[PDB]
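Let me begin by presenting the structure, written as structure tokens, before commenting on it.
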Amino acid sequence: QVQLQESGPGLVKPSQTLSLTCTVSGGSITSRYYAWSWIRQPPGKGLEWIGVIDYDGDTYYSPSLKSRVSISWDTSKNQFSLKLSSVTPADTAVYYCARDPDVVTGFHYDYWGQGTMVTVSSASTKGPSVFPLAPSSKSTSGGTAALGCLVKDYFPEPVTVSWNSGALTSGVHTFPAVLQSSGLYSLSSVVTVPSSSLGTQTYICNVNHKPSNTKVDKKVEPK
Amino acid sequence: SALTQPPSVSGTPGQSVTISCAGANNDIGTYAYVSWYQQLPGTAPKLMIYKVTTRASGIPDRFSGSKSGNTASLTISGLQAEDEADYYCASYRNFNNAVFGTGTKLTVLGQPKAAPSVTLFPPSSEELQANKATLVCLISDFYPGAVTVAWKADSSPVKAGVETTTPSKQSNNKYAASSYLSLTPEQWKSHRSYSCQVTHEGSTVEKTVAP
């Protein structure tokens with residue numbers, strides 16, 4: 001029902017500002033006794049509270065962040081946004097959007113957003129090079145093969161790989177990206193298919209890298 | 001500031017673990033808005049408990065909320081593999097502020113052993129045309145989360161151009177890792193083949209691709 005989706009750039013440089021926007025649906029953002037907040041979790045560290053905006057419209061922020069946080073909202077568009085200034089890489093995190101079901105009863109967030117990755121660097125973007133990984137089963141189950149896509153050299157996280165425009169979901173394994181010595185990321189996606197489908201089925205991997213605007217569809221046919 | 005929770009807590013693949021969340025008089029001591037969230041990898045936190053003892057809709061009865069002074073606690077009675085996640089405590093802070101803890105990564109351990117499934121890939125026609133070469137070795141479905149990758153040129157070992165990821169948790173609870181070998185079109189052609197040798201708990205899984 002109440003569903004939250006964060007919008008935001010994936011790459012931002014030190015002097016820039018963070019215009020992160022959250023969209024609420026399945027519930028009014030000005031109703032009952034609801035509070036809306038921002039929470040960021042840097043790479044492998046813990047959750048951090050940024051600030052709240054209540055259904056009445058006044059806001060509160062973390063005292064450490066207070067100086068550069070100017071939360072705002074749009075009731076007509078069922079939105080609320082966060083604004084961060086003077087950004088340094090300490091602001092690199094997965095930024096979250098969350099709801100408080102009551103406010104006359106207390107803190108807790110029931111509903112959350114999937115999060116959006118924000119990375120601060122100087123550090124131009126690079127679109128991924130997509131290569132096809134043709135099948136063979138010398139290490140697989142008889143009848144099953146293994147194909148996939150090599151998403152090489154891209155900055156930064158993340159990239160999303162889907163098969164046949166989301167029509168193929170089963171047996172799909174997308175591997176966590178490797179941060180190379182070069183500073184770029186590289187990942188592979190694998191789908192275990194029955195060998196009988198190689199002379200039959202067309203396999204297309206849909207690679208999407210939102211920061212560099214990259215959207216590549218690669219047909220993975222046997223060699 | 002922040003709430004102190006142990007960086008790690010490991011539990012018997014049965015029962016029963018307790019996690020501490022330590023605060024101060026003017027947060028955990030005066031207000032009763034202590035909330036616990038469970039975050040399994042890749043997803044957002046899930047409300048597990050609020051108001052010190054209140055279990056949320058759907059939460060099982062084996063999760064418990066407790067508090068002494070400026071220290072809140074979460075108890076898990078009989079853990080499943082579902083429980084393998086990071087745990088965060090929160091509280092109200094004056095005036096109208098929230099605070100999260102450091103986090104506690106719960107590890108369940110009497111878990112069975114799973115041999116790694118290895119898939120090795122030869123450098124694509126497209127990559128070799130682009131004057132580059134990458135060897136894709138994909139390790140998955142392995143428990144515990146510790147592996148060692150040896151790359152072989154024919155039978156001799158390779159150290160240069162090797163990039164291995166740290167093992168990460170899967171949707172099913174097991175581990176996944178990715179090893180990449182960078183070479184040149186001439187290096188891939190001048191050998192009869194390359195092999196990805198994966199070692200896991202005293203056992204070896206070797207996979208071979210040839211130009």
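The way I read the labels, and the way they are meant: chains A, B, ... in the order of the structure tokens, residue 1 as the first residue of every chain, and ligand 1 as the first ligand shown, with later ones counted on from there.
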Report as a PyMOL selection string: the residues of stretch 61-196 of chain A with a DSSP assignment of strand (DSSP E), based on the backbone of this structure.
-> chain A and resi 61+72-74+79-84+93-100+116-120+129-133+147-154+160-163+172-174+178-179+185-191
Residues of the last selection are to be written out with C-alpha atoms, as a short mmCIF file (atom, residue, chain, number, x, y, z; two decimals), in the first residue's frame.
```cif
data_model
loop_
_atom_site.label_atom_id
_atom_site.label_comp_id
_atom_site.auth_asym_id
_atom_site.auth_seq_id
_atom_site.Cartn_x
_atom_site.Cartn_y
_atom_site.Cartn_z
CA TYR A 61 17.46 17.50 11.82
CA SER A 72 11.57 20.32 1.90
CA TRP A 73 8.31 18.82 0.58
CA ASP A 74 5.63 18.92 -2.15
CA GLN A 79 6.85 14.15 -2.34
CA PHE A 80 9.52 15.22 0.16
CA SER A 81 13.18 16.04 -0.58
CA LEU A 82 16.55 16.32 1.19
CA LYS A 83 19.23 18.91 0.40
CA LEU A 84 22.88 18.40 1.45
CA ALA A 93 25.91 6.18 1.45
CA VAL A 94 22.68 4.35 0.55
CA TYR A 95 20.12 7.09 1.40
CA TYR A 96 16.79 5.84 2.80
CA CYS A 97 13.23 7.16 2.91
CA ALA A 98 11.01 6.05 5.89
CA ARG A 99 7.53 6.52 7.51
CA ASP A 100 6.38 6.80 11.18
CA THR A 116 19.44 5.00 -3.53
CA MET A 117 23.24 4.90 -3.65
CA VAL A 118 24.98 8.27 -3.45
CA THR A 119 28.71 8.34 -4.05
CA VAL A 120 30.84 11.47 -3.66
CA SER A 129 31.56 -2.51 -21.39
CA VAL A 130 29.16 -5.45 -21.79
CA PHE A 131 30.64 -8.70 -23.18
CA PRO A 132 28.75 -11.97 -23.85
CA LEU A 133 29.64 -15.14 -21.88
CA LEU A 147 25.72 -18.17 -19.82
CA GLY A 148 25.81 -14.58 -18.67
CA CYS A 149 27.09 -11.08 -19.22
CA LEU A 150 30.42 -9.50 -18.32
CA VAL A 151 29.73 -5.93 -17.12
CA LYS A 152 33.31 -4.57 -17.03
CA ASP A 153 34.84 -1.19 -15.99
CA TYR A 154 32.15 1.19 -14.66
CA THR A 160 21.24 -3.60 -12.70
CA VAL A 161 21.15 -6.68 -14.94
CA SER A 162 17.85 -8.28 -16.03
CA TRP A 163 17.20 -11.07 -18.58
CA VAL A 172 19.43 -15.86 -12.54
CA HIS A 173 22.45 -15.10 -10.32
CA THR A 174 23.94 -11.59 -10.37
CA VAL A 178 34.59 -6.37 -7.81
CA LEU A 179 36.34 -3.05 -7.04
CA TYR A 185 33.90 -1.97 -10.74
CA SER A 186 33.24 -5.22 -12.66
CA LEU A 187 30.47 -7.82 -12.34
CA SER A 188 29.01 -10.94 -14.01
CA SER A 189 25.45 -12.30 -14.22
CA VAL A 190 24.66 -16.02 -14.72
CA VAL A 191 21.55 -17.96 -15.80
#
```
Could you list the residues in chain B lying within 7 Å of chain A, using only C-alpha atoms, and format the result as a PyMOL selection string?
-> chain B and resi 33+35+43-44+47+50+91-92+96-100+102-103+118-119+121+124+126-127+163+165+207
Suppose you want the space between atom CA of residue A:13 and atom CA of residue A:212; what is it in Å?
-> 14.0 Å
From chain B, collect each residue whose DSSP state is helix (DSSP H, G or I) and return the set as a list in words.
-> residues 25, 26, 27, 28, 29, 125, 126, 127, 128, 129, 185, 186, 187, 188 and 189 of chain B
Okay, now the selection with C-alpha atoms, as a compact mmCIF listing (two decimals), in the first residue's frame?
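Wrote it out as out19.txt, contents follow:
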```txt
# COMPACT_ATOMS: atom_id res chain seq x y z
CA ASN B 25 19.89 9.31 30.70
CA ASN B 26 18.51 11.82 28.18
CA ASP B 27 17.43 9.29 25.48
CA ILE B 28 17.11 5.65 26.67
CA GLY B 29 16.55 6.78 30.25
CA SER B 125 35.28 -12.91 -29.17
CA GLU B 126 34.15 -9.25 -28.66
CA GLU B 127 36.63 -8.61 -25.78
CA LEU B 128 39.57 -10.22 -27.65
CA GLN B 129 38.68 -8.05 -30.73
CA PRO B 185 45.02 -11.74 -26.44
CA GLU B 186 48.59 -13.06 -27.00
CA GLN B 187 48.75 -14.52 -23.42
CA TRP B 188 45.40 -16.39 -23.86
CA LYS B 189 46.53 -17.77 -27.32
```
For atom CA of residue B:155 and atom CA of residue B:202, quote the distance in Å rounded to one decimal.
-> 20.1 Å
Quote the spacing between atom CA of residue A:141 and atom CA of residue A:196 in Å to one decimal place.
-> 12.6 Å
With only C-alpha atoms as the atoms that count, which of B:160, B:177, B:209, B:85 lies nearest to residue B:135?
-> B:209
What lies within 7 Å of stretch 29-36 of chain A using only C-alpha atoms, ignoring chain neighbours under 2 positions off, as number ranges by chain?
-> A: 24, 27, 52-56, 75, 78, 98-104
Would you save the residues of that selection, restricted to N, CA and C atoms, as a PDB file, in the first residue's frame?
```
ATOM      1  N   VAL A  24       5.923   9.279  -2.246  1.00  0.00           N
ATOM      2  CA  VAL A  24       5.011   8.481  -1.434  1.00  0.00           C
ATOM      3  C   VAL A  24       3.783   8.168  -2.294  1.00  0.00           C
ATOM      4  N   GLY A  27      -0.892   6.297   0.172  1.00  0.00           N
ATOM      5  CA  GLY A  27      -1.182   6.980   1.439  1.00  0.00           C
ATOM      6  C   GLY A  27      -0.861   8.447   1.328  1.00  0.00           C
ATOM      7  N   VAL A  52      13.564  14.720  10.024  1.00  0.00           N
ATOM      8  CA  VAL A  52      12.146  14.332   9.797  1.00  0.00           C
ATOM      9  C   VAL A  52      11.382  15.556   9.341  1.00  0.00           C
ATOM     10  N   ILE A  53      10.295  15.310   8.628  1.00  0.00           N
ATOM     11  CA  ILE A  53       9.294  16.348   8.273  1.00  0.00           C
ATOM     12  C   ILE A  53       7.980  15.724   8.721  1.00  0.00           C
ATOM     13  N   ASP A  54       7.151  16.461   9.451  1.00  0.00           N
ATOM     14  CA  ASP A  54       5.880  15.876   9.931  1.00  0.00           C
ATOM     15  C   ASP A  54       4.756  16.241   8.985  1.00  0.00           C
ATOM     16  N   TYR A  55       3.605  15.618   9.181  1.00  0.00           N
ATOM     17  CA  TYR A  55       2.433  15.858   8.317  1.00  0.00           C
ATOM     18  C   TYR A  55       2.020  17.324   8.418  1.00  0.00           C
ATOM     19  N   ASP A  56       2.398  18.008   9.494  1.00  0.00           N
ATOM     20  CA  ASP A  56       1.974  19.427   9.593  1.00  0.00           C
ATOM     21  C   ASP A  56       2.953  20.290   8.794  1.00  0.00           C
ATOM     22  N   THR A  75       3.366  18.635  -1.317  1.00  0.00           N
ATOM     23  CA  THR A  75       2.108  17.956  -0.998  1.00  0.00           C
ATOM     24  C   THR A  75       1.274  17.646  -2.235  1.00  0.00           C
ATOM     25  N   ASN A  78       2.926  14.612  -3.736  1.00  0.00           N
ATOM     26  CA  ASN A  78       3.060  13.566  -2.699  1.00  0.00           C
ATOM     27  C   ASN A  78       4.543  13.202  -2.505  1.00  0.00           C
ATOM     28  N   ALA A  98      11.806   6.832   4.922  1.00  0.00           N
ATOM     29  CA  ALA A  98      11.009   6.051   5.886  1.00  0.00           C
ATOM     30  C   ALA A  98       9.826   6.790   6.526  1.00  0.00           C
ATOM     31  N   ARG A  99       8.772   6.030   6.899  1.00  0.00           N
ATOM     32  CA  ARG A  99       7.532   6.524   7.511  1.00  0.00           C
ATOM     33  C   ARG A  99       7.363   6.120   8.986  1.00  0.00           C
ATOM     34  N   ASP A 100       6.761   7.020   9.783  1.00  0.00           N
ATOM     35  CA  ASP A 100       6.383   6.797  11.176  1.00  0.00           C
ATOM     36  C   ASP A 100       4.842   6.653  11.161  1.00  0.00           C
ATOM     37  N   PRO A 101       4.261   5.489  11.578  1.00  0.00           N
ATOM     38  CA  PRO A 101       2.791   5.312  11.461  1.00  0.00           C
ATOM     39  C   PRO A 101       1.927   6.202  12.353  1.00  0.00           C
ATOM     40  N   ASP A 102       2.494   6.654  13.470  1.00  0.00           N
ATOM     41  CA  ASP A 102       1.890   7.577  14.425  1.00  0.00           C
ATOM     42  C   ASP A 102       3.012   8.518  14.868  1.00  0.00           C
ATOM     43  N   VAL A 103       2.690   9.630  15.528  1.00  0.00           N
ATOM     44  CA  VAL A 103       3.702  10.594  16.001  1.00  0.00           C
ATOM     45  C   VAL A 103       3.312  11.017  17.420  1.00  0.00           C
ATOM     46  N   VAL A 104       2.046  10.769  17.767  1.00  0.00           N
ATOM     47  CA  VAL A 104       1.434  11.051  19.066  1.00  0.00           C
ATOM     48  C   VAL A 104       1.580   9.781  19.940  1.00  0.00           C
TER      49      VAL A 104
END
```
Nearest to residue B:83, chosen from B:59, B:108, B:162, B:210, with only C-alpha atoms counted in the distances |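 The answer is B:108, which sits nearest to residue B:83.
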Residue neighbourhood residue B:151, 7 Å, only C-alpha atoms, exclusion window fewer than 5 positions, as a count of residues only = 5
Between B:192, B:46, B:55, B:93, which one has atoms that come closest to residue B:74, using only C-alpha atoms?
->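 Using only C-alpha atoms, the shortest distance to residue B:74 belongs to B:55.
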Distance query residue B:169 at most 9 Å, only C-alpha atoms, self and fewer than 4 positions along chain excluded, as a PyMOL selection string = chain B and resi 41+145+173-176
Spatial neighbours of residue B:14, max dist 9 Å, only C-alpha atoms, sep filter under 3 positions, as a ChimeraX atom specification | /B:11,77-80,108,110
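By only C-alpha atoms, and with residues fewer than 4 positions from residue A:7 along its chain excluded, the set lying at most 7 Å from it is residues 20, 21, 22 and 116 of chain A.
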